[PDB]
Amino acid sequence: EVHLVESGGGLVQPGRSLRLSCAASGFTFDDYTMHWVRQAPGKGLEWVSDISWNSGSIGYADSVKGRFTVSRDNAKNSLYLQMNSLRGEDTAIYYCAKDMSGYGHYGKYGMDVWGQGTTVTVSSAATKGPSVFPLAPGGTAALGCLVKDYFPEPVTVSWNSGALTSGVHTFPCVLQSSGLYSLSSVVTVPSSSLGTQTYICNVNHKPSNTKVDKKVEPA
Amino acid sequence: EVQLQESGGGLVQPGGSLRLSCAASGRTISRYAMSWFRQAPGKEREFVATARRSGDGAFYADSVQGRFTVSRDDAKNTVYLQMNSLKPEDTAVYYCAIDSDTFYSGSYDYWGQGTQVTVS
Amino acid sequence: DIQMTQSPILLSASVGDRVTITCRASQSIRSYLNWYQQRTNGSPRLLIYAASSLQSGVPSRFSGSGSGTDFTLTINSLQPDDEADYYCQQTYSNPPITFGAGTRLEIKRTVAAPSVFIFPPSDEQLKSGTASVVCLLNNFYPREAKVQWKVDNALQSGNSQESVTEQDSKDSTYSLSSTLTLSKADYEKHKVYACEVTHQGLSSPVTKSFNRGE
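Chains as they are written, first to last, in my numbering: chain G, 1 to 219; chain S, 1001 to 1120; chain B, 2001 to 2214.
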């Protein structure tokens, strides 16, 4: 089938560089215009760059011009993006996309094939596990755990080692002004269950090998 | 400032129809969501329906979905609640309110005095 | 640069409804307008190229119209799978290709007011210099809601952050967290912490409060 796969994303300090690749298969890569498009966390799509089949036409968004360089190697069916002088606003998921047009292919200019994307995060923060704090508790009570000041994403939270899933809401993280992430995970349970049953949140932050269990009990 | 006045209520047989009106005076209301609420004597006030700005749609309580319809006459600074298939359980004083928040968070600062609906 | 103005931001509709999303070009782009669908956590998917050409494999309920500056995407029969973000894209002026800011399409349900819960900072957190006070708005619809923090009856500003869940796939509701962040020193200066919540399903704002240390 037609396929594209991006690679090369990761954490990068501001001012530093990173090289992205896009590997194509299932179509004649040599014949088509290719593109880079990015999507900042929670934001819309933003076009980055394009490159014609024979590399004779190249375009760049103004926000990256002079810092990013697109290129391709048709023998290796690969598209590239060299990103220099990275800034925090270059943080985004980077997608490569195939144009419908190219050599011998005129008149249709949609982007018909997209990769899954590769995530780029530009940050000064160091790797750190979260601190975990209890969010202590009608016929329904809420209890939880605050998962604070970790970097980078993701954390995972489970309740009672995975036994408790109904009524759980683990919120999407927020990037704090400090450059570290935080979220809460909450669960609604019978108010009658607060005296008889044990609630533990299990937090896992793989980048830092952090594992924290926190018993959430009434005050 | 704004005054809201409900009308169109009264006594109606089960299965019957009424159209409530909520006329605003003092200030133009076409920029604001307008909501309908109801309260039976000695019970909690409950949400019935909201007509957001023209183009932003309408939303309904489960108790009235498929029977009541909210609409706007923005030129006459008025909104309506068409009530079909009335049931005894619908008896209540019906109120209209302006959502003062143009982003629709439900800041209900101005209320009508209400109009009685009795189904029996 | 051609700027693309897409409307509405959040389109709420019922399955079966005909819905339309609009995209106005700042200057003429002829018929060089594309439409993309992006499901939560997925890649963009081409639906329409050249303003009205339906991409192979895309259901026929999708259509595009327009030329010049004014374009629309119509889903003539909204389906459950069509919950997604949608983006228009002009390719007439390149560089840069530009996109509209997006429309989220959601399936409407009946109104559900939030259940509200307030949580004080833990003693463990306070030992360390910072106090996080959390207010939970649970299982509500529609999405719009306002949280106001009051500390000893003084309204707070600028020291809170909100996070909202994606619409629940089983019951179509949202939940929201508002976290008030204070220094431990500031937290310990006050007694009453209140979270005040408004939603169009609530006839009066709902206030949950605690007294520090009690």
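Just so it is clear, CB atoms sit at the ideal spot from N, CA and C, and this is done for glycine as well.
Between the alpha carbons of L164 (chain G) and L2011 (chain B) lies a gap of roughly 34 Å. At least 8 Å separates the beta-carbon of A136 (chain G) from that of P2096 (chain B). Within its own chain, the residues whose Cβ lies closer than 7 Å to the Cβ of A92 (chain G), once the five positions on either side in sequence are excluded, are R38, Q39, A40, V120, listed in chain order. Given a length threshold of 4 residues, the segment 1035-1090 of chain S has no whole run of the alpha helix (DSSP H) inside it. Taking the C-beta atoms as reference points, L2046 (chain B) is found nearer than 8 Å to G110 (chain G).
Straight-line spacing of the CA atoms in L2126 (chain B) and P218 (chain G) works out to 17 Å.
As the crow flies, the alpha-carbon of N2139 (chain B) is around 26 Å from that of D213 (chain G). If the five residues before and after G2102 (chain B) are omitted, its C-beta is found closer than 6 Å to the C-beta atoms of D2085, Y2087, all from its own chain and listed in chain order. Two segments are said to touch when three or more pairs of C-beta atoms, one from each, lie closer than 8 Å; by this definition the segment 2173-2181 of chain B touches the segment 2149-2162 of chain B. Secondary structure within the segment 2141-2207 of chain B: the alpha helix (DSSP H) runs of 4 or more consecutive residues, fully enclosed, are 2184-2187 (chain order).
Under the DSSP assignment, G2066 (chain B) falls in the beta strand (DSSP E) whose first and last residues are 2062-2067. The Cβ atoms of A2051 (chain B) and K108 (chain G) do not sit closer than 8 Å to each other. For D1099 (chain S), the C-beta contacts it makes with chain B under 8 Å involve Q2200, in order along the chain.
The segment 138-154 of chain G and the segment 180-192 of chain G touch, with three or more beta-carbon pairs separated by less than 8 Å. Taking CB atoms only, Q1065 (chain S) has a neighbour in chain B less than 8 Å away. Straight-line measurement puts the Cα of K2108 (chain B) at about 43 Å from the Cα of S78 (chain G).
A direct Cα-Cα distance of roughly 12 Å separates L2054 (chain B) from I2075 (chain B).
Assignment of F29 (chain G) by DSSP, reduced to helix, strand and coil, places it in the helix class. From the beta-carbon of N2138 (chain B), the residues of chain G found nearer than 8 Å are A142, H169, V186, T188. Secondary structure note for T196 (chain G): its alpha helix (DSSP H) is the uninterrupted segment 193-196.
For the pair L2136 (chain B) and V2116 (chain B), the CB atoms are nearer than the 8 Å cut-off. In terms of beta-carbon proximity, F2071 (chain B) stays away from the interface with chain G, with every pair separated by 8 Å or more. Neighbours of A2145 (chain B) across chain S, judged by C-beta separation under 8 Å: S1105, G1106. Of the other Cβ atoms in all chains shown, fewer than 16 fall within 10 Å of the Cβ of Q1113 (chain S); this residue is therefore exposed. The three-state reading of DSSP puts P134 (chain G) in strand, counting E and B together. Sorting G:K65, G:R72, G:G179 by C-alpha distance to the C-alpha of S21 (chain G) places G:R72 at the top.
When G:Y103, G:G104, G:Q82, G:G102 are compared, the shortest CA-CA separation from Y94 (chain G) is found for G:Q82. Comparing alpha-carbon positions, the option among B:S2026, B:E2083, B:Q2038 lying closest to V2015 (chain B) turns out to be B:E2083. Around the C-beta of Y2187 (chain B), 16 or more other C-beta atoms lie within 10 Å, and the residue is accordingly described as buried. Taking the CA atoms as reference points, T2165 (chain B) sits about 13 Å from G167 (chain G). A buried status is given to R1072 (chain S), since no fewer than 16 other beta-carbon atoms sit within 10 Å of its beta-carbon. With respect to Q1082 (chain S), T1069 (chain S) sits close: the two C-beta atoms are nearer than 8 Å.
Scanning its chain for C-beta atoms nearer than 7 Å, with the 5 sequence neighbours on each side dropped, one finds around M100 (chain G) the residues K108, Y109, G110, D112, in chain order. Within chain G, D50, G59 have C-beta atoms less than 8 Å from the C-beta of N2094 (chain B), given in sequence order. With a beta-carbon spacing of about 6 Å, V147 (chain G) and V203 (chain G) fall inside the 8 Å limit used to define contacts.
Going by C-alpha positions, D2017 (chain B) is about 5 Å away from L2078 (chain B).
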